[PDB]
Amino acid sequence: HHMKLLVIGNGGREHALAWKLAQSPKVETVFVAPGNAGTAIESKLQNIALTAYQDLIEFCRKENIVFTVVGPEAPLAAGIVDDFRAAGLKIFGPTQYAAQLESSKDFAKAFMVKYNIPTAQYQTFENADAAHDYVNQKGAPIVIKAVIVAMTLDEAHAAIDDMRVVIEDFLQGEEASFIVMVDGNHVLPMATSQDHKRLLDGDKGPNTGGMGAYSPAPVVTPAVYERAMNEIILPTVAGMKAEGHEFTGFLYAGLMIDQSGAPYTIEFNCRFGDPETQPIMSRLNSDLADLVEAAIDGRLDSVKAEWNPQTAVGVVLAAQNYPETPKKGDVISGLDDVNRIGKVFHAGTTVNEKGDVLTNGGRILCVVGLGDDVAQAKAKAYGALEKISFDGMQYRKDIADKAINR
Ligand code: NA
């Protein structure tokens, strides 16, 4: 009762995590370091401007913080979890070593090859000699990156000559994000979701961190769920344990599901947790604070997650020129009248002295609507987004259409 918690980061995923933690009747305050304009506005959320880990450790001691949750990759790769734990504090997130699973594609591919985790065949190349030899051995389609998706050997050999080259198998099918909580040994899967990482309607334009996601993702049938757990998630958790560096925290698995229902791992990476986390948290009925505490305690097998059966659709509003260097500093209008239509999660927003909310990053907002089916959830999300405006804003109008047409 009256617990105080700490969330590290400033993105839309962190807004959603802090907001959901604050729903617990047992939580009084969730501090967010540094937070954004959305977390400043939320009830029970308090932004704190601390960044140094020893400062955050003393803050936890000063305020009697029960536990800390870490969102983004950078503090994880810097060892925030190691530091907190050496200071005796409770924290949900991977150690610096275990975070390599999400922060180094070399470490992850090598790990996955070792533990026989399905993923794209992958090899890096010195000079064109063995590179052309490899492409001739593997055949097309195949991906050449230094990013050409080569449909023929001619395209692959051409891409090699033009361009250290990275040659990766092309994964066919449909993308899904498979997010799980891990306590080092046990797993508690979050609801499935599907992101839209291309910038523009019709999956055109450049790649992005994700322009909108919905949950559940029907491409992940019970059969696909079982395969993903059996072939990817459970062996990865067991493998990190067997390597002597258990993974703790949210594991963000990007999957490509082929036409046979076979899941292949794209990578484990933050880009499969935002904006995926937002609609997922909008569906979680359970007390997230209790789930996180059980995970920190190594007892995730003692708790369960229960979900609103309604679908949640989240639509990202982004700034002009994203995913390139974004236009910054534009006043955002209309945040006050969304009311019961939906929920607005902030990512790149800040407030100025006069109190206006300003764009302050690439992705600005994620607007989440709930519905009894995916069609209704999509209508709710766009209905809630309708009166938000800022100059140069961009968003896709086709979020979740792959689940509606079908
Ligand atoms: Na994403």
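Descriptive notes on the structure:
- Selection status of residue 248, away from the ligand (no atom under 13 Å from the Cβ) and buried (at least 24 other Cβ atoms within 10 Å of the Cβ): yes
- Some residue of segment 259-274 being under 22 Å from residue 216 (Cβ atoms), in contact with a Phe, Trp or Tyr (Cβ under 9 Å, 6 or more places away or on another chain), among the charged types (D, E, K, R) and away from the ligand (no atom under 14 Å from the Cβ): no
- Any chance residue 77 is buried (at least 23 other Cβ atoms within 10 Å of the Cβ) and within 17 Å of the chain's Cα centre (by Cα): no
- Candidates 59, 125, 67: the one that is over 26 Å from the mean Cα position of the chain (by Cα) and closer than 29 Å to residue 12 by Cβ is 59.
- Note on segment 20-30: among residues that are touching a helix residue (DSSP H, G or I) at 6+ places or on another chain (Cβ under 7 Å) and buried (at least 18 other Cβ atoms within 10 Å of the Cβ), the one that is nearest to residue 60 (Cα to Cα) is 30.
- Being among the small types (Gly, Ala, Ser) and within 25 Å of residue 236 (Cα to Cα) is not true of residue 158.
- Scanning segment 162-204 for residues that are of a type outside the set (D, E, K, R), assigned to a loop (DSSP other than H, G, I, E, B) and within 16 Å of the ligand (Cβ to nearest atom) gives 190, 191, 192, 196.
- Residue count for segment 295-319 satisfying the condition of being basic (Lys, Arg) and under 20 Å from residue 15 (Cα atoms): 0.
- One residue from 288, 300, 255 being surrounded by 17 or more Cβ atoms within 10 Å (Cβ to Cβ), within 16 Å of the ligand (Cβ to nearest atom) and aliphatic (A, V, I, L, M): 255
- Residues in segment 92-149 that are under 30 Å from residue 76 (Cβ atoms) and in a helix (DSSP H, G or I): 18 in all.
Cβ atoms come from the backbone with ideal geometry, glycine included; neighbour counts cover every protein chain shown. Here, each number is a calculation from the coordinates, and none is a lab measurement.
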